[PDB]
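Residue numbers (the entry's author numbering): 161 to 245.
Even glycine gets a Cβ: it sits at the ideal position worked out from N, Cα and C.
Have a look at the structure below, then the notes.
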């Protein structure tokens, strides 16, 4: 995967997305965003064949990760799971 710094806002457009403590499907779940909720991020992780994760620092200083769509060959593939501003 490739990690980048970038600030932005995501608005969730799928029913729900898990907030995890690692950018993989085994990362500990610490929250859930629902359809229509928005949150800011400062870091983006682009899996080669996985997901685009966005990440923010929480209240305890630990980093949180949310998957935002699939990737193929290091690029977004298919429709994203939120809108971005």
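Please report the straight-line C-alpha distance between residue i and residue j, rounded to a whole angstrom.
i           : j           : result
residue 167 : residue 201 : 5 Å
residue 223 : residue 230 : 21 Å
residue 206 : residue 195 : 22 Å
residue 210 : residue 183 : 10 Å
residue 233 : residue 165 : 20 Å
residue 162 : residue 236 : 13 Å
Are the beta-carbon atoms of residue i and residue j separated by less than 7 Å?
i           : j           : result
residue 191 : residue 204 : no
residue 228 : residue 242 : yes
residue 198 : residue 169 : yes
residue 226 : residue 177 : yes
residue 193 : residue 174 : no
I'd like the span of the beta strand (DSSP E) that includes residue i, first residue to last.
i           : result
residue 202 : 198-206
residue 176 : 176-180
residue 191 : 189-194
residue 231 : 223-232
residue 168 : 162-172
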